[PDB]
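Below sits a lone chain in structure tokens, taken as the form deposited in one PDB entry.
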């Protein structure tokens, strides 16, 4: 018995609404992807199948592009990799855009696979394309993706009889652009891109009543507020650390809509997000383009070097509540954790705690993860009362956003028991 149902909204296309009253933390839907792939930066760093990082990965011998954590993952991935393998090998050394590799997997799944549970409420065929809202520049970009797909897939798909009935590649890429999900690992690093057509029914809010979280490729949809019968379910499509102007640009560019929510009408939190000297944070925002690229490719030493030059600059500095400063602290923290620089990681992480309380109101999985990271760093440094407070706060958030079905909650329970045993021996 589903707790959610598809419906036709008055002015947002189709949507999802509650069939029963919902409480924070309630699991509403869970889904594997219709199709997914590792993303550009994480290719060869994480396993193609389970999206977990490993010090050494085994490569597919035929294409040498797909890489796996284990013989189990390589073999289990073979049915969904078999046809793309010949295309990837034929295209070497050229690697396709993520969207092109993704749509290849969509096509093979729809041609060769049984009907997917991911499409229970809504299918790839049903997805919004927004084609009549596309500007000419966007249509041109989609045409180039179509031609890139035809080149990449030529070994496996030569004509329309090898595509699903009435399949239009331009329309398919339009759907991919507006309906791709960024798959994040347990630490909230972007590691993949996938299509989850039933989850695509969720419309956007900058102050949503639901949240999604990834456990490998698996997606969990949970309520994060009380929700009444008939009430529309929403998620936030975007990073919370964005001004209303930034959200406006991305929602127009990628999703072809103008957001009418209260936060956008009132520029909610914009002024607090942009405190400090504008010339300074404009420079930091510029530097973050490279920092974000380095982080996406797991280049932690390079990330840390650039972040330290900002955090410890000889020149003017920013308040930690400035969102570009905050992003630099976040990246520096994550780099230090991955490099084993645990004292420095804790310094940066502790500084983010109050800004995160302000910018992630309610129960948000990203703040849950951040607080867990800080609590774990404090546990390792022997600060048991401080660690316990943060681990308990992380649990209060993550019991709602992640839940028992997410493996990170089991990890958190072990940290809480270890911290508690230390306190009791003191």
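Definition used throughout: the rigid core is the maximal C-alpha set that superposes within 1.5 Å between two forms. Positions refer to the first chain, counted from 1.
Omitted here: the form deposited in another entry. The next part is about that form.
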Checklist outcome for this item: Looking at 76, 82, 248, 317 between the shown form and the other one with the core superposed, the single C-alpha displaced by 2 Å or more is at 317
Next on the checklist: residue 113: after superposing the rigid core, is there a C-alpha shift of 2 Å or more between the shown form and the other one?
Outcome noted: yes
Next on the checklist: At a change of 3 Å or more, would you call the C-alpha separation of residue 113 and residue 61 in the other form closer or farther than in the form supplied?
Outcome noted: farther
Item to check | Sense of CA distance change between residue 314 and residue 278 in the other form, threshold 3 Å | outcome: closer
